[PDB]
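Chains as they are written, first to last, in PDB author numbering: chain B, 271 to 319; chain U, 954 to 1001; chain Y, 27 to 69; chain G, 320 to 444, 447 to 454, 462 to 468, 489 to 501, 503 to 563; chain V, 369 to 416.
Below is one structure, written out as structure tokens; comments come after it.
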Amino acid sequence: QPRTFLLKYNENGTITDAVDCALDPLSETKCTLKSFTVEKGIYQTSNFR
Amino acid sequence: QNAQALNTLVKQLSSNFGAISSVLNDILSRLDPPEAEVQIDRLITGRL
Amino acid sequence: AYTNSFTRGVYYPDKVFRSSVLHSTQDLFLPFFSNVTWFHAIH
Amino acid sequence: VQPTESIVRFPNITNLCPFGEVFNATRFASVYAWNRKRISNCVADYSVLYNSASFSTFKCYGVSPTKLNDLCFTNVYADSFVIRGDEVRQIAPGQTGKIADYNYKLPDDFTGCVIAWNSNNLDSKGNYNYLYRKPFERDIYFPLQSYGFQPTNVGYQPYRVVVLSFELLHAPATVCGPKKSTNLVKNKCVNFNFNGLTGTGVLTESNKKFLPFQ
Amino acid sequence: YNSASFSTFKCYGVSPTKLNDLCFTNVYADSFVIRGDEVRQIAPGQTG
Ligand SMILES: *[C@@H]1O[C@H](CO)[C@@H](O)[C@H](O)[C@H]1NC(C)=O
Ligand SMILES: *[C@@H]1O[C@H](CO)[C@@H](O)[C@H](O)[C@H]1NC(C)=O
């Protein structure tokens, strides 16, 4: 399916992990921040309609 | 905040702003000047 | 018959080296934790 | 620091491209179901086409014909078919009418060339064989029609057309201009050009671990 | 501009209606014959 994925390229330039940015709200949060770790907070990840 | 603003300013060079490519050297390799200027004016307007 | 994809089936989206970085691409991917149909060669 | 010299690095291949086998084919396809050769792994002179008096038009989009010998593409797709001389107007990106929709819709963002010429010498006889009716769709009660070509026909005369569509992807290039490669230079500010990727910089050899496809 | 003889009268950077309002330092008039098909090519930025 056509999806946004956030891809973790390591030091050697192999992809070692990914976030499917449409999977769940934590995955939207990771992709909103371009980050696999998320610090404690409230994050405006999207607008629904 | 400084690092985020620089990274954002640098990353905005990748944007088309409506040009056929966001790379200045593509337009100058592909297109002759009368048609190239129409694409470069869009890049100048977005980058400015 | 079905099984879960888990996080299987990501692939390098383009012919480019990148390193120590997070890159957000959008492309045709296998969705995470989706079902995959399961079949047998025999039996 | 201004660049000291230019460096040009095209692929180490020299076989000339098969454009003659497109341009001199015995029959160009019926436009409802046009034909499409792929050019790859060869050197493409475009000045031998653009300099030819044989062509009534040579019009390009996303590239200028004067520049084509500097470019270096991954594939080139050559469409071939026949139409009436009025319908060459409809073979352009963003057009409207019978050819622009019902048989040969171009992409709205086409990068390529449309090369068309009168063929009333060879496609007229009349001759009734050439059959007419989404982007690069082949449009195979239903509509079917064919052109009537007699040498007495100018808008109703046969025109032959080639449409070149250019693949500017980031893969290993295979259809590249006559522009010959130089030596490589390192630790010096140079006006480099790899496969048409022009820039300016200090090239220096790197410890980075490129994967074999990158 | 009022003559029926001119098959084309294409002006750039000025409109043929306006020209009686203007003064110029010079006019140059460049005079030659071409085949009717190439009358397209006699323009800023055209090719062939
Ligand atoms: C990176 O490459 C080096 C050299 O091949 C190797 O020793 C190291 O284990 C690699 N690390 C990872 C995380 O792939
Ligand atoms: C088509 O045939 C002519 C005569 O044999 C030849 O000169 C020409 O090179 C061919 N066309 C192309 C595009 O090579």
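Yeah, the Cβ is synthetic: ideal placement off N, Cα and C, and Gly gets one too.
Item, Value
"Minimum C-alpha distance to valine 395 of chain G - residue among G:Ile418, G:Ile358, G:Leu387 and G:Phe559", "G:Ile358"
"Residues near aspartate 467 of chain G in its chain [Cβ-Cβ closer than 7 Å; skip 5 each side]", "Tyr351, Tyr421, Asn422 and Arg454"
"Any non-hydrogen atom of ligand 1 closer than 7 Å to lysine 557 of chain G Cβ", "no"
"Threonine 284 of chain B CB to nearest heavy atom of ligand 1 below 7 Å", "yes"
"Residues near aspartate 389 of chain G in its chain [Cβ-Cβ closer than 7 Å; skip 5 each side]", "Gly526, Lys528 and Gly545"
"Cross-chain neighbours of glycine 413 of chain V in chain U, by beta carbon under 7 Å", "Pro987"
"Contact the stretch 427–436 of chain G vs the stretch 401–415 of chain G: 3+ CB pairs below 8 Å", "yes"
"Backbone secondary structure at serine 366 of chain G - three-state DSSP", "helix"
"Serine 974 of chain U to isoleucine 980 of chain U span [Cα, whole Å]", "7 Å"
"Meets three-Cβ-pair contact criterion under 8 Å: the stretch 360–373 of chain G and the stretch 329–349 of chain G", "yes"
"Within chain G, partners of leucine 966 of chain U - CB distance below 9 Å", "None at all; the shortest Cβ gap to chain G is about 14 Å."
"Contact with chain B by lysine 558 of chain G, beta-carbon distance below 8 Å", "yes"
"Residue range of the alpha helix (DSSP H) that includes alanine 435 of chain G", "It is not in any alpha helix (DSSP H) - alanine 435 of chain G instead sits in the beta strand (DSSP E) that spans 431–437."
"CA-to-CA distance, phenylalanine 400 of chain V to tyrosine 380 of chain V, given in whole angstroms", "19 Å"
"Counterpart residues of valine 401 of chain V in DSSP-defined beta bridges", "In the DSSP output, where bridge partners are listed per residue, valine 401 of chain V has none listed."
"Proximal residues, the stretch 38–54 of chain Y versus chain G, C-beta separation under 8 Å", "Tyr38, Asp40, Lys41, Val42, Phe43 and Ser45"
"Best match in B:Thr274, B:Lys300 and B:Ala292 for proximity to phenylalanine 318 of chain B [C-alpha to C-alpha]", "B:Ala292"
"Heavy atom of ligand 2 within 7 Å of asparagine 343 of chain G beta-carbon", "yes"
"Assigned exposure category for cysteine 301 of chain B - 16 Cβ within 10 Å defines buried", "buried"
"8 Å Cβ cutoff, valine 382 of chain G in contact with chain U", "yes"
"Interface flag, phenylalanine 59 of chain Y vs chain B, CB-CB below 8 Å", "yes"
"Beta carbon of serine 383 of chain G nearer than 8 Å to that of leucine 996 of chain U", "no"
"Beta-ladder partner(s) of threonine 29 of chain Y, from DSSP", "Y:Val62"
"Under 9 Å by beta carbon: chain G residues contacting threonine 284 of chain B", "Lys558 and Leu560"
"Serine 50 of chain Y and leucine 303 of chain B closer than 8 Å at C-beta", "no"
"Cross-chain neighbours of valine 36 of chain Y in chain B, by beta carbon under 8 Å", "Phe275, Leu277, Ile285 and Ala288"
"Bridge partner(s) assigned by DSSP for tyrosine 396 of chain G", "G:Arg357 and G:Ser514"
"Outcome for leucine 513 of chain G when other beta-carbon atoms lying within 10 angstroms are tallied against a minimum of 16", "buried"
"Closest Cα partner of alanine 520 of chain G within the set Y:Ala67, Y:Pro57, Y:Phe43 and Y:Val47", "Y:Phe43"
"Beta-carbon proximity of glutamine 498 of chain G to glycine 404 of chain G, cut-off 8 Å", "no"
"Chain Y contact for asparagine 280 of chain B (CB, 8 Å cutoff)", "yes"
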